[PDB]
Amino acid sequence: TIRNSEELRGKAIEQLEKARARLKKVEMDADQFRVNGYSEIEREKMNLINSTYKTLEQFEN
Amino acid sequence: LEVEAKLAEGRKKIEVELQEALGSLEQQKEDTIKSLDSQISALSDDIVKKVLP
């Protein structure tokens, strides 16, 4: 009982620690991915802000 | 909203860009027609000489 119980609590606390490190990785993942995705949403927006002048010129001709 | 404002800007630009050239062309063709009215009498004669031998 003591070997299996210490094994259970030890494995579960090491699960806490390794999934805590994995939590650190996911927090960094979300922060970095928001830093990336801001750029792509601004990219499609600026595609619109240029395409308005593009269609302006297309009808200017 | 801002590209709708640009869509509106295109119209403000087109009114000037058309009407100014249009006024120039109207007055130009009017000057050219009333100028030719002194010369069309002479320019009619070659057609006469062409049709009749």
# chains A, B, ... in the order shown; residues from 1 in each chain; ligands from 1

call {"tool": "interface_residues", "arguments": {"of": "chain B", "to": "chain A", "cutoff": "10 Å", "atoms": "only C-alpha atoms", "output": "PyMOL selection string"}}
result
chain B and resi 2-4+6-7+9-11+13-14+17

call {"tool": "atom_distance", "arguments": {"atom1": "atom CA of residue B:20", "atom2": "atom CA of residue A:54"}}
result
23.6 Å
